[PDB]
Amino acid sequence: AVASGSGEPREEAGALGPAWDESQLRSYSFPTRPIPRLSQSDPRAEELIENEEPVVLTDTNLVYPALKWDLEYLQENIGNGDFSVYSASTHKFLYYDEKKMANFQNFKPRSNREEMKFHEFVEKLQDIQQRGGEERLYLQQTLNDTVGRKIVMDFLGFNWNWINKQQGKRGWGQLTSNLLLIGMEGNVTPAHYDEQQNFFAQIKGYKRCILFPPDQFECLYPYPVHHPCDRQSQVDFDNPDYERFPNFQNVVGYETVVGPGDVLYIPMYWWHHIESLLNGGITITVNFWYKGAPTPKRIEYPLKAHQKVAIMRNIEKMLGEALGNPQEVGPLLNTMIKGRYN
């Protein structure tokens, strides 16, 4: 019906069959509806981006030259720089902010970061394959000037004309970075929101992206701002604790499967959960992050949900600073509302 999820799997050209099938998606408790897949030249697509709603653009050629990328070509050409590689005991990658790690002395990491050369990432990977199992790796590394010449040529051949025009038309700030992501089949990036605009350019393999609007904050229960998992959902999507998180039962997502050549606009403050399909082999993505447009001169009501999220964050941070201890934030907030506003 009007909940279709990712919709039917798309047919590859040349009668090559379905690129993926439903058996490759994980099972979750909530419904979803499709994110529209549109031509870059379609007015509707421009309309979505302007109104800060997700859209998959199928023909931008944004990273056309990178479509030839695989492990051998990258190992060959990407150079000798260090690469951040995250590892996990489970399919779920728990990212954490090392700087806030002191705020909760109690916190113990379930995801280790290791710096290593690209060829070492490739090896450890190969090792785990034949090994084999069960550790998972996810390379997540900003693209910098240490990259080899051929990678530089590829980068230069991205569709900067198109994306630069987007940046201009939306009044966004500057491109803050490109992130290279290379994951193992089954890898999951759990639901979280980012504060920057994102064009998610898919290169190799398929990723199922599940987005939730900023007005679903109440259903997704982010960690406290001072927590190392700031901006992530507390909810375990695999075993949701309806007692701690009752409104997760009301959550509705927007879902799509992106493949090579697709670009997903993930608007700032939109929650997103990203999974590399089961048994779909390695995945490669490059993200383009931009600072959002400056907040308007005179503020108009009613506020967007993302502005209320901003307010909440700011109150949290301010209490942390005023009280002199982030640990005291919750107890003051409780004192403030119990029998007064609840």
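Heads up: residue numbers just count along the shown sequence, starting at 1. We call the rigid core whatever largest set of C-alpha positions still superposes within 1.5 Å between the two forms.
Core superposition of the other structures onto this form places the C-alphas of 104 to 112 farther off in 8 other deposited structures of this protein than those of the other stretch among 104 to 112 and 228 to 236.
After superposing on the rigid core, the larger RMS C-alpha deviation in 8 other deposited structures of this protein belongs to 131 to 139, the other candidate being whichever of 118 to 126 and 131 to 139 remains. As recorded in the PDB entry, 298 to 306 is the stretch of 274 to 282 and 298 to 306 with the greater mean C-alpha temperature factor. If you average the C-alpha B-factors over 221 to 229 and over 68 to 76, the higher value belongs to 68 to 76. Among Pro109, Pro267, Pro260, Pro214, the highest C-alpha B-factor in the deposited entry belongs to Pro109. Highest C-alpha temperature factor among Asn250, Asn103, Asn164, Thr256 per the entry: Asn103. When all modelled residues of the chain are sorted by CA temperature factor, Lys124 is found within the highest third. The PDB entry assigns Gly17 a C-alpha temperature factor belonging to the highest third of its chain's modelled residues. Residue-level temperature factors show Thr335 in the lowest third of its chain, judged at the C-alpha atom. In the deposited entry, the Cα temperature factor of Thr189 sits in the bottom third of values across the chain's modelled residues. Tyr206 sits in the lowest third of its chain by CA B factor, as recorded in the PDB entry.
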